[PDB]
Amino acid sequence: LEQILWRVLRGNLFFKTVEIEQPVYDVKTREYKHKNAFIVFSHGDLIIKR
Amino acid sequence: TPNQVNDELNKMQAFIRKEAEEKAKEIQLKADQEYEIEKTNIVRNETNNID
Amino acid sequence: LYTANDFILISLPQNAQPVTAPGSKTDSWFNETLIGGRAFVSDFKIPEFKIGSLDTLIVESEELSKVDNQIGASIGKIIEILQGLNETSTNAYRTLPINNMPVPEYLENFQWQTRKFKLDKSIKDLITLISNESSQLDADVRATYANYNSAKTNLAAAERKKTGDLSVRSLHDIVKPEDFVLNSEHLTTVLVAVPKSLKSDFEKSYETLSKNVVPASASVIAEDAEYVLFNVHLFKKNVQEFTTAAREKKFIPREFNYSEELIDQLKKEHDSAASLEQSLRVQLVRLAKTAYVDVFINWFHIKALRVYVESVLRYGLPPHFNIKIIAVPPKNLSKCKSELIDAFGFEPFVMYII
């Protein structure tokens, strides 16, 4: 996801990855996997929508 | 390694600041033009009403 | 110069330093590496002062990439069309002159985004103007291709209709009297068929006419298929008997109208086909000569806009970047890709083009 973000949004966009202590079950995957936070900040409404 | 992230954040902040300054300057120019237009309109209306 | 082959453009921050080697000067380091690639590099100044919003910048960059792809496709199509008439040297107009100069001369001091065309308008306005110019050039190319196709079809029809082996021969080589020129009703007669390859066979076919009208035996002598090709008498008052004069013996009649007006019209049609072929060839050559400048400049302007957008994205702010030349000999095509990636210690580079 980070590589895709830095490619499509070639400009500068900060990231705030934070690790989750325990896995959370997924609906389609039917399994609990370790997750991380996807906090991201950028300017421009169109950029936010993208 | 944090130097690159700091530089990227600085570039993003500079781009945002430039966008804000450009928007503010455009708003200021539009407001000056509208002030001239409104002054002309008010002068015309006051001349029509008083005369 | 050795720049006749493909060229790879690139840009980098003007405040940067070489990363592949710790060179003191980026230009000197590039010259040393380009010496390894046997290439020549020079600065190119193609700026665009207007700067939009970050989201606007991303949208403009994506649109510029799409427009550059479309313009390059159009340029390749134009080059292929020019090569089709065998007028573009070096295959698909690789060495075709641009701005009354070769490609290295045209790109020596390129300012495709400069000059009167979009002097200081907005980047979106410049993109729209470039797209409109590309669309107009594409429409002109399509019109030229359609004209060439129509002229070629006319030439093919003119060549095919002059055979006469199993059809009506050329009116210029044909004989008018008694061959549907007059020869109508009871005044005179006209016939045409291909019964075998002998007069007796033609007489064998003509005997089946029952001598209703034009009892004269059919005479067939021509080079058509080294066989029978006749201009014989069979009056229209006996059209059924005229047909039976060839149908019974399987002569496969090929009669047609060949009056004076018809022959003149056929000659005019052949001359018109030839003249249309020549004129369409001249028009296509002129259009390709114009297009090798126009569509190339449109694609170059789209690429310059994309490069400027990438450089802005590669720096953010303040707007400042250095653009390098693209010329490179074909031998170093792969090596330059490695060396440039080696020096781009930050495509991952600030810019890259083919």
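Note: ideal-geometry Cβ built from the backbone for every residue, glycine included; neighbour counts use all protein chains shown. Numbers and lists here come from the model and the stated rules, or from a named source; no laboratory instrument gave them.
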When segment C:51-75 is checked residue by residue, the ones that are assigned to a helix (DSSP H, G or I) and either touching a strand residue (DSSP E or B) at 6+ places or on another chain (Cβ under 7 Å) or within 13 Å of chain A (Cβ to nearest Cβ) (or both) are C:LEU54, C:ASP55, C:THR56, C:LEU57, C:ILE58, C:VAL59, C:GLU60, C:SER61, C:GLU62, C:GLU63, C:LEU64, C:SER65
Checked against (1) among the acidic types (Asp, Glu); (2) touching a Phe, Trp or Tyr at 6+ places or on another chain (Cβ under 7 Å); (3) within 14 Å of chain C (Cβ to nearest Cβ), A:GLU31 satisfies every condition except (3)
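Tell me the residue from B:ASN6, B:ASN48 that is more than 14 Å from chain C (Cβ to nearest Cβ) and farther than 16 Å from C:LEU54 by Cβ, please.
Details: B:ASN6 fails: more than 14 Å from chain C (Cβ to nearest Cβ).
So the residue among B:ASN6, B:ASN48 that is more than 14 Å from chain C (Cβ to nearest Cβ) and farther than 16 Å from C:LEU54 by Cβ is B:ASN48.
Please verify whether C:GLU339 is acidic (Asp, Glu), under 30 Å from C:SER135 (Cβ atoms), in contact with a helix residue (DSSP H, G or I) (Cβ under 8 Å, 6 or more places away or on another chain) and not in a loop (DSSP other than H, G, I, E, B), treating the condition exactly as stated.
Working: acidic (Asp, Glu): yes; under 30 Å from C:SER135 (Cβ atoms): no; in contact with a helix residue (DSSP H, G or I) (Cβ under 8 Å, 6 or more places away or on another chain): yes; not in a loop (DSSP other than H, G, I, E, B): yes.
Spelling it out, it is not the case that C:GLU339 is acidic (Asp, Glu), under 30 Å from C:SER135 (Cβ atoms), in contact with a helix residue (DSSP H, G or I) (Cβ under 8 Å, 6 or more places away or on another chain) and not in a loop (DSSP other than H, G, I, E, B).
Would you pick out the residues in segment C:306-319 that are in contact with a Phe, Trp or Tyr (Cβ under 9 Å, 6 or more places away or on another chain) and either part of a helix (DSSP H, G or I) or closer than 29 Å to C:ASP138 by Cβ (or both)?
First, pick out the residues of segment C:306-319 that are in contact with a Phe, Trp or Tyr (Cβ under 9 Å, 6 or more places away or on another chain): C:307-308, C:310-312, C:314-317, C:319.
C:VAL307, C:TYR308, C:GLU310, C:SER311, C:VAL312, C:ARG314, C:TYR315 - these are the residues of segment C:306-319 that are in contact with a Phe, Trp or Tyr (Cβ under 9 Å, 6 or more places away or on another chain) and either part of a helix (DSSP H, G or I) or closer than 29 Å to C:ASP138 by Cβ (or both).
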By residue number, the members of segment A:1-47 that are closer than 25 Å to C:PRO348 by Cβ and among the polar types (S, T, N, Q) are A:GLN3, A:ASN12, A:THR17, A:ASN36, A:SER42
- Task: For A:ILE4, state whether it is within 12 Å of another protein chain (Cβ to nearest Cβ), of a type in the set (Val, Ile, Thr) and not in a loop (DSSP other than H, G, I, E, B).
- Result: no
If you go through C:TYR292, C:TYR227, the only one that is assigned by CATH to the domain that holds C:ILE174 and of a type in the set (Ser, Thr, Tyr) is C:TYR227
Note: among B:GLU19, B:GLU34, just one is in a helix (DSSP H, G or I), of a type in the set (D, E, K, R) and within 14 Å of chain C (Cβ to nearest Cβ), namely B:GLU19
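Could you run through segment B:1-16 and say how many residues are exposed (fewer than 12 other Cβ atoms within 10 Å of the Cβ), part of a helix (DSSP H, G or I) and β-branched (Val, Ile, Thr)?
Applying the first criterion (exposed (fewer than 12 other Cβ atoms within 10 Å of the Cβ)) to segment B:1-16 yields B:1-4, B:6.
When the remaining residues are screened for being part of a helix (DSSP H, G or I), the result is B:2-4, B:6.
Subset that is β-branched (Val, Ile, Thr): none.
Of the residues in segment B:1-16, 0 are exposed (fewer than 12 other Cβ atoms within 10 Å of the Cβ), part of a helix (DSSP H, G or I) and β-branched (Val, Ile, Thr).
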Residue pairs qualifying under the 6 Å Cβ cut-off, at least six apart or on distinct chains, with the first in segment A:18-37 being loosely packed, with under 10 Cβ neighbours inside 10 Å and the second being outside any loop (DSSP other than H, G, I, E, B) and among the aromatic types (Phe, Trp, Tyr), are A:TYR25/A:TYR32
